[PDB]
>>> print(open('model-v2.cif').read())   # mmCIF, C-alpha atoms
data_protein
loop_
_atom_site.group_PDB
_atom_site.id
_atom_site.type_symbol
_atom_site.label_atom_id
_atom_site.label_comp_id
_atom_site.auth_asym_id
_atom_site.auth_seq_id
_atom_site.Cartn_x
_atom_site.Cartn_y
_atom_site.Cartn_z
ATOM 1 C CA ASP L 1 6.284 -24.095 9.290
ATOM 2 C CA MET L 2 6.128 -20.300 9.043
ATOM 3 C CA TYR L 3 8.637 -17.884 10.587
ATOM 4 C CA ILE L 4 9.473 -14.172 10.583
ATOM 5 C CA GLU L 5 12.685 -12.187 10.024
ATOM 6 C CA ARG L 6 13.099 -8.503 10.862
ATOM 7 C CA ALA L 7 13.508 -6.372 7.735
ATOM 8 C CA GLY L 8 13.678 -2.811 9.057
ATOM 9 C CA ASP L 9 12.251 0.059 11.046
ATOM 10 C CA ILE L 10 8.862 1.554 10.246
ATOM 11 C CA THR L 11 10.016 5.010 9.148
ATOM 12 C CA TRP L 12 9.217 7.621 6.530
ATOM 13 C CA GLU L 13 12.094 8.211 4.083
ATOM 14 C CA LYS L 14 12.640 11.720 2.720
ATOM 15 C CA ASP L 15 14.602 10.449 -0.304
ATOM 16 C CA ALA L 16 11.871 8.056 -1.442
ATOM 17 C CA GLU L 17 11.236 7.397 -5.112
ATOM 18 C CA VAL L 18 7.796 8.711 -6.102
ATOM 19 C CA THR L 19 5.570 6.845 -8.550
ATOM 20 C CA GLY L 20 2.105 5.531 -9.323
ATOM 21 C CA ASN L 21 -1.256 7.011 -10.300
ATOM 22 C CA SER L 22 -4.289 7.791 -8.094
ATOM 23 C CA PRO L 23 -7.285 6.167 -9.802
ATOM 24 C CA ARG L 24 -10.829 6.564 -8.502
ATOM 25 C CA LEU L 25 -12.716 3.276 -8.784
ATOM 26 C CA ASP L 26 -16.187 2.046 -7.888
ATOM 27 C CA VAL L 27 -15.736 -1.305 -6.123
ATOM 28 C CA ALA L 28 -17.657 -3.830 -4.060
ATOM 29 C CA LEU L 29 -16.277 -6.018 -1.277
ATOM 30 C CA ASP L 30 -17.810 -9.478 -0.968
ATOM 31 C CA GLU L 31 -17.968 -11.835 1.990
ATOM 32 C CA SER L 32 -14.728 -13.612 1.030
ATOM 33 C CA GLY L 33 -12.805 -10.328 1.219
ATOM 34 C CA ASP L 34 -12.501 -10.010 -2.566
ATOM 35 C CA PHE L 35 -12.814 -6.576 -4.159
ATOM 36 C CA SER L 36 -14.463 -6.342 -7.580
ATOM 37 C CA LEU L 37 -15.157 -3.456 -9.922
ATOM 38 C CA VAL L 38 -18.676 -2.046 -10.193
ATOM 39 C CA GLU L 39 -20.277 -0.150 -13.070
ATOM 40 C CA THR J 1 8.916 -9.098 19.744
ATOM 41 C CA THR J 2 10.814 -6.010 18.567
ATOM 42 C CA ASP J 3 8.988 -3.233 16.717
ATOM 43 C CA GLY J 4 9.491 -3.147 12.972
ATOM 44 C CA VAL J 5 8.551 -4.574 9.598
ATOM 45 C CA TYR J 6 9.159 -8.299 9.087
ATOM 46 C CA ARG J 7 9.323 -10.880 6.323
ATOM 47 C CA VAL J 8 6.962 -13.847 6.654
ATOM 48 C CA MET J 9 8.827 -16.943 5.448
ATOM 49 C CA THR J 10 7.811 -20.559 4.868
ATOM 50 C CA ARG J 11 9.534 -23.912 4.441
ATOM 51 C CA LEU J 12 12.891 -27.765 0.092
ATOM 52 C CA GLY J 13 14.153 -24.231 0.632
ATOM 53 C CA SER J 14 12.531 -21.086 1.962
ATOM 54 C CA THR J 15 10.130 -18.686 0.267
ATOM 55 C CA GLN J 16 8.812 -15.314 1.393
ATOM 56 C CA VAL J 17 5.012 -15.477 1.434
ATOM 57 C CA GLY J 18 4.389 -12.026 2.899
ATOM 58 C CA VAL J 19 5.212 -9.194 5.262
ATOM 59 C CA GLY J 20 3.919 -7.899 8.565
ATOM 60 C CA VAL J 21 4.181 -5.202 11.199
ATOM 61 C CA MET J 22 5.268 -5.680 14.807
ATOM 62 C CA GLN J 23 3.934 -2.881 17.012
ATOM 63 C CA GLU J 24 3.107 -2.772 20.729
ATOM 64 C CA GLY J 25 3.877 -6.475 21.083
ATOM 65 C CA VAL J 26 1.384 -7.508 18.381
ATOM 66 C CA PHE J 27 2.231 -8.853 14.924
ATOM 67 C CA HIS J 28 -0.059 -7.646 12.134
ATOM 68 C CA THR J 29 -0.383 -9.182 8.676
ATOM 69 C CA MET J 30 -2.979 -10.107 6.061
ATOM 70 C CA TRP J 31 -5.110 -13.211 6.457
ATOM 71 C CA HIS J 32 -4.308 -14.523 2.981
ATOM 72 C CA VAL J 33 -0.604 -14.545 3.885
ATOM 73 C CA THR J 34 -0.752 -16.885 6.899
ATOM 74 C CA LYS J 35 -4.372 -18.092 7.154
ATOM 75 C CA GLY J 36 -3.872 -17.659 10.898
ATOM 76 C CA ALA J 37 -1.091 -20.240 11.161
ATOM 77 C CA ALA J 38 1.166 -19.913 14.182
ATOM 78 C CA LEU J 39 4.439 -18.106 13.487
ATOM 79 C CA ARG J 40 7.955 -18.896 14.657
ATOM 80 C CA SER J 41 10.071 -15.969 15.874
ATOM 81 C CA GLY J 42 13.508 -17.121 16.954
ATOM 82 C CA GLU J 43 12.877 -19.838 19.512
ATOM 83 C CA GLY J 44 9.442 -18.404 20.344
ATOM 84 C CA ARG J 45 6.000 -19.017 18.881
ATOM 85 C CA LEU J 46 3.476 -16.316 17.975
ATOM 86 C CA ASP J 47 -0.111 -17.521 18.322
ATOM 87 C CA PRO J 48 -3.034 -15.921 16.465
ATOM 88 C CA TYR J 49 -5.400 -13.734 18.455
ATOM 89 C CA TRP J 50 -7.883 -12.199 15.996
ATOM 90 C CA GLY J 51 -8.638 -12.640 12.315
ATOM 91 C CA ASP J 52 -11.227 -11.695 9.729
ATOM 92 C CA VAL J 53 -11.409 -13.024 6.175
ATOM 93 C CA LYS J 54 -13.527 -10.149 4.869
ATOM 94 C CA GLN J 55 -11.030 -7.551 6.066
ATOM 95 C CA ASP J 56 -8.213 -9.966 5.085
ATOM 96 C CA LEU J 57 -6.393 -9.250 8.353
ATOM 97 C CA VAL J 58 -4.959 -11.182 11.289
ATOM 98 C CA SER J 59 -3.148 -10.244 14.504
ATOM 99 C CA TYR J 60 -0.861 -12.307 16.734
ATOM 100 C CA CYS J 61 -0.217 -12.077 20.501
ATOM 101 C CA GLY J 62 -2.963 -9.472 21.026
ATOM 102 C CA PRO J 63 -5.624 -7.296 19.415
ATOM 103 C CA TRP J 64 -5.058 -5.225 16.298
ATOM 104 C CA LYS J 65 -3.144 -2.089 17.311
ATOM 105 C CA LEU J 66 -2.880 0.009 14.129
ATOM 106 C CA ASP J 67 -5.490 2.743 13.785
ATOM 107 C CA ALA J 68 -4.054 5.682 11.823
ATOM 108 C CA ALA J 69 -5.876 6.469 8.583
ATOM 109 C CA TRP J 70 -5.145 8.228 5.305
ATOM 110 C CA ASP J 71 -6.099 11.906 5.455
ATOM 111 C CA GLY J 72 -7.455 11.831 1.885
ATOM 112 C CA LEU J 73 -5.152 14.562 0.548
ATOM 113 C CA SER J 74 -1.536 13.737 1.346
ATOM 114 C CA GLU J 75 1.039 11.501 -0.263
ATOM 115 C CA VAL J 76 1.890 8.291 1.586
ATOM 116 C CA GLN J 77 4.743 5.777 1.473
ATOM 117 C CA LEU J 78 4.558 2.056 0.844
ATOM 118 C CA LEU J 79 7.311 0.443 2.915
ATOM 119 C CA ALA J 80 7.729 -2.416 0.466
ATOM 120 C CA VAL J 81 9.670 -5.488 1.561
ATOM 121 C CA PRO J 82 9.885 -7.575 -1.629
ATOM 122 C CA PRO J 83 11.373 -11.078 -1.537
ATOM 123 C CA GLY J 84 15.143 -10.895 -1.808
ATOM 124 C CA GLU J 85 15.247 -7.090 -1.632
ATOM 125 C CA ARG J 86 16.046 -4.525 1.027
ATOM 126 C CA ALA J 87 13.079 -2.746 2.583
ATOM 127 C CA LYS J 88 12.361 0.279 0.386
ATOM 128 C CA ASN J 89 9.993 3.252 0.606
ATOM 129 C CA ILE J 90 7.798 4.112 -2.389
ATOM 130 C CA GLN J 91 5.982 7.447 -2.136
ATOM 131 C CA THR J 92 2.646 7.929 -3.897
ATOM 132 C CA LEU J 93 -0.657 9.773 -3.835
ATOM 133 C CA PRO J 94 -3.386 7.187 -3.158
ATOM 134 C CA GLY J 95 -6.410 6.863 -5.356
ATOM 135 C CA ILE J 96 -9.786 5.905 -3.932
ATOM 136 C CA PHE J 97 -11.945 2.795 -3.697
ATOM 137 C CA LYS J 98 -15.523 4.124 -3.686
ATOM 138 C CA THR J 99 -17.810 1.595 -1.978
ATOM 139 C CA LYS J 100 -21.364 1.581 -0.660
ATOM 140 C CA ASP J 101 -19.940 1.675 2.888
ATOM 141 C CA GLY J 102 -17.588 4.619 2.263
ATOM 142 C CA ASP J 103 -14.291 5.423 0.601
ATOM 143 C CA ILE J 104 -10.986 3.597 1.062
ATOM 144 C CA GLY J 105 -7.515 4.756 0.103
ATOM 145 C CA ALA J 106 -5.838 2.700 -2.609
ATOM 146 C CA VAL J 107 -2.310 2.656 -4.056
ATOM 147 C CA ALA J 108 -1.638 1.880 -7.732
ATOM 148 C CA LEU J 109 1.596 0.008 -7.069
ATOM 149 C CA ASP J 110 2.400 -3.509 -8.287
ATOM 150 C CA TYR J 111 4.996 -5.532 -6.339
ATOM 151 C CA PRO J 112 5.537 -9.310 -6.047
ATOM 152 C CA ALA J 113 2.970 -11.362 -4.169
ATOM 153 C CA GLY J 114 5.376 -11.928 -1.271
ATOM 154 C CA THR J 115 5.202 -8.189 -0.599
ATOM 155 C CA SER J 116 1.635 -8.664 0.688
ATOM 156 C CA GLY J 117 1.351 -7.263 4.195
ATOM 157 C CA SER J 118 3.835 -4.447 3.664
ATOM 158 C CA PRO J 119 2.784 -1.350 5.630
ATOM 159 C CA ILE J 120 1.642 1.929 4.133
ATOM 160 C CA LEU J 121 2.771 4.990 6.098
ATOM 161 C CA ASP J 122 1.657 8.575 6.563
ATOM 162 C CA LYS J 123 4.080 11.481 6.894
ATOM 163 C CA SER J 124 4.256 11.000 10.676
ATOM 164 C CA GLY J 125 5.450 7.407 10.218
ATOM 165 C CA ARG J 126 2.194 5.828 11.425
ATOM 166 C CA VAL J 127 0.896 2.710 9.674
ATOM 167 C CA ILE J 128 -2.357 3.630 7.904
ATOM 168 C CA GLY J 129 -2.901 0.155 6.442
ATOM 169 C CA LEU J 130 -1.372 -2.905 4.819
ATOM 170 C CA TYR J 131 -0.673 -3.620 1.147
ATOM 171 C CA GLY J 132 -1.924 -6.590 -0.835
ATOM 172 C CA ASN J 133 -5.718 -6.879 -1.149
ATOM 173 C CA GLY J 134 -7.020 -5.160 -4.248
ATOM 174 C CA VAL J 135 -8.417 -5.199 -7.774
ATOM 175 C CA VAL J 136 -7.173 -5.183 -11.372
ATOM 176 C CA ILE J 137 -8.107 -2.442 -13.837
ATOM 177 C CA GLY J 138 -3.765 -5.128 -16.451
ATOM 178 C CA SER J 139 -2.741 -2.895 -13.545
ATOM 179 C CA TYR J 140 -3.099 -3.969 -9.923
ATOM 180 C CA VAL J 141 -4.416 -1.500 -7.340
ATOM 181 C CA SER J 142 -4.204 -2.297 -3.620
ATOM 182 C CA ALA J 143 -6.624 -1.115 -0.986
ATOM 183 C CA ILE J 144 -5.050 0.585 2.010
ATOM 184 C CA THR J 145 -6.414 -2.066 4.391
ATOM 185 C CA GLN J 146 -6.642 -0.922 8.025
ATOM 186 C CA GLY J 147 -8.144 -2.778 10.975
ATOM 187 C CA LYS J 148 -10.173 -1.542 13.923
ATOM 188 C CA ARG J 149 -8.692 -0.738 17.335
#
>>> encode(input="model-v2.cif", output="C-alpha cells")
Amino acid sequence: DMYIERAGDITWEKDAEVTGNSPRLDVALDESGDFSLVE
Amino acid sequence: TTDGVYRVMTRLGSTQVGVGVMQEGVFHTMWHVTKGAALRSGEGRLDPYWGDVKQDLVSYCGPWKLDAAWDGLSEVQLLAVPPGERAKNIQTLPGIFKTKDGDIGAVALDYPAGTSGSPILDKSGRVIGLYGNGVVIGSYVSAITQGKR
C-alpha cells in the first residue's frame, strides 16, 4: 500500500545551489510516454 | 490535504518511490510513480481522478491544477525531495527538448529515481512541471512535464 508524507512548502529559495547545463536536444515522444533522441 | 511537496512511500520496510505536489486539494504526481494506485494520507484515502500514460501524469481528488510554464529565458529551481534527504532547491537554466509538436523545457539534473515527481519552480514559486521523465545523452535530462488545466 502506498502513502504520502509531507516534505515541505513549495517555495523558491534565494540561497539555492546552482548547477547543471542547458542542452538543446531533438527528441520524439512515443505513445508509451517514452522520450527518445532523434537525428 | 495540506498544500506542499510530499514523499510517495510504499510498503518488509518502506521505500520512497516518488514525490508529488498537493495544491488546491489535488495531489499531482507522475504516472510511472503510482500507476494510479490509491494513496493513503493519514487515515484518509486519495483516489485517482485523471491520468495519462503519454504525459506520464496523474492527479488525485480532482483535475490537474498546475498550469504555469517555463518562460524560456529564466533560471528555475528543482525542489528535489530525494529519499532520506531534506527537501532541497537546485537552481538551473533549463535546456530544451525540441519536438515536432513544439519545444519543452528540460533540466540536466540527475537525482535518485525516488525523486521522480519533484516539482520544478519558476521565480514566482509556481510549479511549471514535474521532474522524472526524460532521456539519456551517460547523463540524464528530465523534461519539465506540465499537465493541462
>>> closest_atom_pairs(input="model-v2.cif", of="chain L", to="region 133-137 of chain J", cutoff="9 Å", atoms="all atoms listed in the file", output="Markdown table")
| residue | atom | partner | partner_atom | distance |
| --- | --- | --- | --- | --- |
| L:25 | CA | J:137 | CA | 8.9 |
| L:27 | CA | J:135 | CA | 8.5 |
| L:33 | CA | J:133 | CA | 8.2 |
| L:34 | CA | J:134 | CA | 7.5 |
| L:35 | CA | J:135 | CA | 5.9 |
| L:36 | CA | J:135 | CA | 6.2 |
| L:37 | CA | J:135 | CA | 7.3 |
>>> atom_distance(input="model-v2.cif", atom1="CA of residue 108 (chain J)", atom2="CA of residue 139 (chain J)")
7.6 Å
>>> resolve_selection(input="model-v2.cif", expression="the PyMOL selection byres ((chain J and resi 82) around 10)", output="ChimeraX atom specification")
/J:7,16-19,79-81,83-88,111-116,118
>>> resolve_selection(input="model-v2.cif", expression="the PyMOL selection byres ((chain L and resi 15) around 10)", output="PDB file with C-alpha atoms, in the coordinates of the input")
ATOM      1  CA  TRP L  12       9.217   7.621   6.530  1.00  0.00           C
ATOM      2  CA  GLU L  13      12.094   8.211   4.083  1.00  0.00           C
ATOM      3  CA  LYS L  14      12.640  11.720   2.720  1.00  0.00           C
ATOM      4  CA  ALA L  16      11.871   8.056  -1.442  1.00  0.00           C
ATOM      5  CA  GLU L  17      11.236   7.397  -5.112  1.00  0.00           C
ATOM      6  CA  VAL L  18       7.796   8.711  -6.102  1.00  0.00           C
TER       7      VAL L  18
ATOM      8  CA  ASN J  89       9.993   3.252   0.606  1.00  0.00           C
ATOM      9  CA  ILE J  90       7.798   4.112  -2.389  1.00  0.00           C
ATOM     10  CA  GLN J  91       5.982   7.447  -2.136  1.00  0.00           C
TER      11      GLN J  91
END
>>> closest_residue(input="model-v2.cif", among="J:101, J:47, J:24, J:56", to="chain L", atoms="only C-alpha atoms")
J:56
>>> residues_around(input="model-v2.cif", residues="residue 32 (chain J)", least_positions_apart="3", cutoff="8 Å", atoms="only C-alpha atoms", output="list in words")
residues 35, 53, 56 and 57 of chain J
>>> residues_around(input="model-v2.cif", residues="residue 22 (chain L)", least_positions_apart="4", cutoff="12 Å", atoms="all atoms listed in the file", output="NGL selection string")
:J and (72-76 or 91-97 or 105-109 or 140-143)
>>> build_atoms(input="model-v2.cif", residues="region 7-18 of chain L", atoms="N, CA and C atoms", output="PDB file, in the frame of the given file")
ATOM      1  N   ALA L   7      13.050  -6.982   8.973  1.00  0.00           N
ATOM      2  CA  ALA L   7      13.508  -6.372   7.735  1.00  0.00           C
ATOM      3  C   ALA L   7      13.788  -4.879   7.837  1.00  0.00           C
ATOM      4  N   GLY L   8      13.314  -4.199   8.870  1.00  0.00           N
ATOM      5  CA  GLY L   8      13.678  -2.811   9.057  1.00  0.00           C
ATOM      6  C   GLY L   8      12.757  -2.101  10.025  1.00  0.00           C
ATOM      7  N   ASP L   9      13.089  -0.830  10.262  1.00  0.00           N
ATOM      8  CA  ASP L   9      12.251   0.059  11.046  1.00  0.00           C
ATOM      9  C   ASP L   9      11.064   0.534  10.213  1.00  0.00           C
ATOM     10  N   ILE L  10       9.996   0.916  10.901  1.00  0.00           N
ATOM     11  CA  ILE L  10       8.862   1.554  10.246  1.00  0.00           C
ATOM     12  C   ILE L  10       9.125   3.055  10.308  1.00  0.00           C
ATOM     13  N   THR L  11       9.627   3.610   9.206  1.00  0.00           N
ATOM     14  CA  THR L  11      10.016   5.010   9.148  1.00  0.00           C
ATOM     15  C   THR L  11       9.699   5.581   7.774  1.00  0.00           C
ATOM     16  N   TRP L  12       9.330   6.857   7.763  1.00  0.00           N
ATOM     17  CA  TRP L  12       9.217   7.621   6.530  1.00  0.00           C
ATOM     18  C   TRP L  12      10.609   7.975   6.023  1.00  0.00           C
ATOM     19  N   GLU L  13      10.806   7.904   4.703  1.00  0.00           N
ATOM     20  CA  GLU L  13      12.094   8.211   4.083  1.00  0.00           C
ATOM     21  C   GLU L  13      11.945   9.421   3.171  1.00  0.00           C
ATOM     22  N   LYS L  14      12.760  10.450   3.428  1.00  0.00           N
ATOM     23  CA  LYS L  14      12.640  11.720   2.720  1.00  0.00           C
ATOM     24  C   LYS L  14      13.133  11.604   1.287  1.00  0.00           C
ATOM     25  N   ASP L  15      14.028  10.653   1.020  1.00  0.00           N
ATOM     26  CA  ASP L  15      14.602  10.449  -0.304  1.00  0.00           C
ATOM     27  C   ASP L  15      13.902   9.330  -1.066  1.00  0.00           C
ATOM     28  N   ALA L  16      12.598   9.171  -0.859  1.00  0.00           N
ATOM     29  CA  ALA L  16      11.871   8.056  -1.442  1.00  0.00           C
ATOM     30  C   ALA L  16      11.515   8.341  -2.895  1.00  0.00           C
ATOM     31  N   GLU L  17      11.755   7.355  -3.753  1.00  0.00           N
ATOM     32  CA  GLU L  17      11.236   7.397  -5.112  1.00  0.00           C
ATOM     33  C   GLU L  17       9.721   7.566  -5.083  1.00  0.00           C
ATOM     34  N   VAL L  18       9.202   8.324  -6.046  1.00  0.00           N
ATOM     35  CA  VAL L  18       7.796   8.711  -6.102  1.00  0.00           C
ATOM     36  C   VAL L  18       7.222   8.189  -7.412  1.00  0.00           C
TER      37      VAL L  18
END
